[PDB]
Amino acid sequence: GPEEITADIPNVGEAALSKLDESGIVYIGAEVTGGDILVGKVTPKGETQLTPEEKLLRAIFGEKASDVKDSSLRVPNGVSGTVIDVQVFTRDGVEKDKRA
Amino acid sequence: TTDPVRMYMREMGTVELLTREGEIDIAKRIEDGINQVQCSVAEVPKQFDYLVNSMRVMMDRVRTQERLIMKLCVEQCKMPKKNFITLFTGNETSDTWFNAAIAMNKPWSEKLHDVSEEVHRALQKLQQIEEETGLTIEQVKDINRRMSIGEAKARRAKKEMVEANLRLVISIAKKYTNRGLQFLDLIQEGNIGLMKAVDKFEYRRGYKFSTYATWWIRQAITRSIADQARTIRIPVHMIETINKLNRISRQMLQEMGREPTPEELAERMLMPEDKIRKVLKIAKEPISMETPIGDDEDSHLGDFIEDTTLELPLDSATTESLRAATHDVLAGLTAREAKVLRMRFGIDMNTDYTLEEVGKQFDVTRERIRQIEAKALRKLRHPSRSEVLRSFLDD
DNA sequence: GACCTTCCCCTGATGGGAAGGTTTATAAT
DNA sequence: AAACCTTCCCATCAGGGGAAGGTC
């Protein structure tokens, strides 16, 4: 299925998603460093299988698995700059999000 | 020259062209052969072929009994071939020729008695055909012989027919050359259609064979392209759709000035618009992994491709550590709970088991098990027992 | 208490459709 | 490229039944 730019990403903390808008794009002017997520994206992945040791965790803490992987525009490792421009190209027929 | 395309282009020069009498008289030879077959049928090509094959089947049935009796009376009994043919020619129906050969009283004459038992029943198979096909065992053979002659006439005439007009196949194939398919492939796929045209042409319609051969060869080349060009084969009608879309977008260039709006093709074309984007997304062709890369260097596209099926060792080590941690943790609970957890889940076991599956061999069925799990997970939910495992869940 | 009508699950029954095949005649080498 | 036709495979619709609900 089509990928998503939603800010809702699995396996991430709040300190990381603090720097993204409702659509999941880094705020203009906010300075970042390597590892930070600039554009949150999630590619749909399926047929997840777990070693019974991990299904045990799924049963114990109730932390359910997600049906989507993680591809994100994260700052290249070693460089730390400041966002000066953000452009959004939306295809035809694809509904325009808030940031767009 | 060396290439085989030259060995073909200059080989077909030995066969001269035919027009216009040649066409008609070689077609008459073909029709004369098939007309020899037609009288032989007396005693749409689709049913005609079954009739032909049925005659052939009858002759095979007769020849089977022939060779069986022959092996029995010559190989297994040592009678001379002449003494077999002379006595067997003429009757081929009754057992009258066997008793005479016995009465011959030569040394082999005794071994006939033993194969008489084995030949009598083989002869009944052979004779029954007469009551089926209303013919004698000899007329079958004669009819088949004449019809084979007809086939031979048709064969020689048709091979000459295709050899004569071979050049037209190249004349047609040179138009299509560059469609991801090699040249000889095109000319051969056209020769196939040329043969199919030869077999389905009436020389009496008065038209020139050029037109019919042209139609058939053109179809046999275009459809063959659709079949064998793309590495990922595409349904035959989809290639037609792609060609139509490309033709429309080509024609509208000078109309729109630069290129047409996508929604227009859905208008110009018969198809609604939502499929056009799928038809354009489908057309992408594979890129050779040997494609040179930036800087025009030796690096190629077949290099920058990682392997993503693999799991990084940083995660396999964590898998093993979780294995060990849960192994130490499950031992902290009771033996009942340990077995229940290693059963409902596939821990240290062949496979996972369901509720009644676990309850089957635990002496107390479903609900009991449901009460143990929810309790054990509760007993492990508590911190001071879940910290080492809690370190494994990060979100 | 039965009767008339009602509310949901398996056999397959099928119109729908994608993939496939055979023809096409002015002449055309 | 079009033109009408056959085999195979869908993922869905008329039909049946096993009971189920509600009422003069």
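As recorded in the PDB header, X-ray crystallography is the method behind this entry, and the stated resolution is 3.253 Å.

Counting its secondary structure elements, chain A contains two helices and two strands. Reading chain A from its N terminus to its C terminus gives the helix and strand order α-β-α-β. Against the globule reference of 13 Å for 100 residues, chain A gives a C-alpha radius of gyration of 16 Å, more extended than a compact globule. Summarising its shape, the C-alpha atoms of chain A cover approximately 45 × 35 × 20 Å along the three principal directions.

Moving on, we come to the pairing of strand β2 (residues 297–300) of chain B. Residues and elements named next belong to chain B. Judged from the two bridges that link them, strand β1 (residues 292–293) and β2 form a sheet pairing that is antiparallel. Bridging from a neighbouring strand, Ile293 pairs with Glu297 of β2. Linking two consecutive strands that pair antiparallel, namely β1 and β2, is a turn of three residues; a positive phi of about 70° is found at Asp295 within it.

Next up on the list: the interface of chain B and chain A. Each partner contributes to the interface: chain B provides 21 residues, whereas chain A provides 14 residues. Interface area for chain B against chain A, summed over the two sides, is near 1800 Å², with a carbon-plus-sulfur share of 68%. Interface area lost by chain B to chain A is led by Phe345, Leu393 and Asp395 of chain B, which between them contribute 35%. Inspection of the region where chain B meets chain A yields zero salt bridges. Counting the contacts that link chain B with chain A gives two residue pairs in polar contact. Those elements that place two or more of their residues in the side of chain B that touches chain A are α14 (313–330), α17 (366–381) and α18 (387–390) of chain B. Top element by residues in the side of chain B that touches chain A is α14 of chain B. It accounts for five residues.

Residue and element names in this part refer to chain B. Around DNA strand C, the surrounding shell holds 23 residues, and the nearest of these are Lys200, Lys208, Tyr212, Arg223 and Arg233. When the atoms of DNA strand C within 4 Å of the protein are sorted by group, sugar and phosphate make up 51%. A distance of 2.3 Å separates a phosphate oxygen of DNA strand C from a polar side-chain atom of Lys208. In this structure, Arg223 approaches DNA strand C through a side-chain N or O atom, which is 2.6 Å from a phosphate oxygen. For the surface near DNA strand C, the secondary structure elements donating two or more residues are α7 (137–173) and α9 (209–228). Top element by residues in the surface near DNA strand C is α9. It accounts for eight residues. Looking at the surface near DNA strand C residue by residue, the class counts come to nine nonpolar, seven polar and seven charged.

With that settled, consider the protein's contact with DNA strand D. Residue and element names in this part refer to chain B. Within the structure, DNA strand D sits among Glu240, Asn243, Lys244 and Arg247. The share of sugar and phosphate among atoms of DNA strand D within 4 Å of the protein is 75%. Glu240 places a polar side-chain atom, nitrogen or oxygen, 2.9 Å from a phosphate oxygen of DNA strand D. In the environment of DNA strand D, a phosphate oxygen lies 2.8 Å from a nitrogen or oxygen atom belonging to the side chain of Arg247. By residue class, the composition of the surface near DNA strand D is no nonpolar, one polar and three charged.

Here we take up the pattern of salt bridges. Counting across every chain of the model gives 22 salt bridges over all chains. Measuring nitrogen to oxygen at the nearest pair gives 2.4 Å for the salt bridge that ties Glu3 of chain A to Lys41 of chain A. With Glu3 of chain A in the segment before α1 (14–17) and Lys41 of chain A in the loop between β1 (37–39) and α2 (52–60), the pair connects residues that are 38 residues apart, well separated along the chain. We note a salt bridge from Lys19 of chain A to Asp36 of chain A, for which the minimum N-O separation is 3.2 Å. Residue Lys19 of chain A is located in the loop between α1 and β1, and its partner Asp36 of chain A is located in the loop between α1 and β1; the two are separated by 17 residues in the primary sequence. The network of salt bridges with shared partners includes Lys28, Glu31, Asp32 and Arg204 of chain B.

With that out of the way, let us pick up a negative patch on the surface. All names here are of chain B. Taken together, the side chains of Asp295, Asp296, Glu297 and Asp298 present a region of like negative charge at the surface. As for its placement among the helices and strands, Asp298 is situated in strand β2. Looking at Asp298, the relative accessible area reads 62%, which means it is exposed.

All names here are of chain B. Ranked by size, the top nonpolar core spans 27 residues in total, and within it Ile69, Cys73, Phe84, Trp97, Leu112, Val115 and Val119 carry the most contacts. Among the secondary structure elements, those contributing two or more residues to this core are α3 (45–75), α4 (81–88), α5 (96–103), α6 (109–133) and α7. If we ignore the near neighbours within four places in the chain, the residues touching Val115 are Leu72, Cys73, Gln76, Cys77 and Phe98. Core analysis: the second largest hydrophobic core is formed by 21 residues, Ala173, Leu181, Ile187 and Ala213 among them.

What follows concerns a positive patch on the surface. Taken together, the side chains of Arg91 of chain A together with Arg277, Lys278, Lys281 and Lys284 of chain B present a region of like positive charge at the surface. Of note, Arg277 of chain B is situated in helix α13 (residues 274–282).

With that out of the way, let us pick up the packing of α3 of chain B against α4 of chain B. Residue and element names in this part refer to chain B. Running from N to C, α3 and α4 cross one another at 135°; their axes reach a closest spacing of 10 Å. Here α4 runs oblique to α3, going by the angle between their axes. Between α3 and α4 lies a crossing whose hand is right-handed. Of the residues in α4, those touching α3 at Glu66, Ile69, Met70, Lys71, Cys73, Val74 and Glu75 are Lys81, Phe84 and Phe88. Here the contact of α3 with α4 is built from residues that sort into six nonpolar, no polar and four charged.

How each quantity is defined
- Residues numbered from 1 in each chain as written, not as in the entry; some residues may be left out.
- Chains lettered and ligands numbered in written order.
- Part of a larger assembly, values for the part shown.
- Heavy atoms only, no water.
- Residues with missing side-chain atoms left out of burial classes, pairs and counts.
- Helix = DSSP H or I, 4+ residues; strand = E, 2+ residues; numbered from the N terminus.
- Rg over C-alpha atoms; globule rule 2.2 N^0.38 Å.
- Pairing = 2+ DSSP bridges.
- Contact = heavy atoms within 4.5 Å.
- Buried area = accessible area lost by both parts, 1.4 Å probe.
- Salt bridge = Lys/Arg side-chain N within 4 Å of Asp/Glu carboxyl O.
- Polar contact = N/O pair within 3.5 Å; in protein donor to acceptor, adjacent residues only side chain to side chain.
- Near = heavy atom within 4 Å.
- Nonpolar A, V, L, I, M, F, W, Y, C, P; charged D, E, K, R; others polar.
- Patch = residues over 30% accessible without salt bridge, like charges linked within 9 Å, V, L, I, M, F, W, Y side chains within 5 Å.
- Areas by Shrake-Rupley, 256 points an atom, 1.4 Å probe, with all protein chains shown as cover.
- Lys, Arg positive; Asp, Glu negative; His and termini not counted.
- Charge placed at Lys NZ, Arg CZ, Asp CG, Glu CD.
- Buried < 20%, exposed > 50% of the residue type's maximum accessible area, 1.4 Å probe, protein only.
- Core = buried A, V, L, I, M, F, W, Y, C linked by side-chain atoms within 4.5 Å.
- Axes fitted to C-alpha atoms, helices over the stretch in contact; angles between N-to-C directions.
- Parallel < 35°, antiparallel > 145°, perpendicular 65-115°, else oblique.
- Left-handed = near helix turned anticlockwise from the far one by under 90°.

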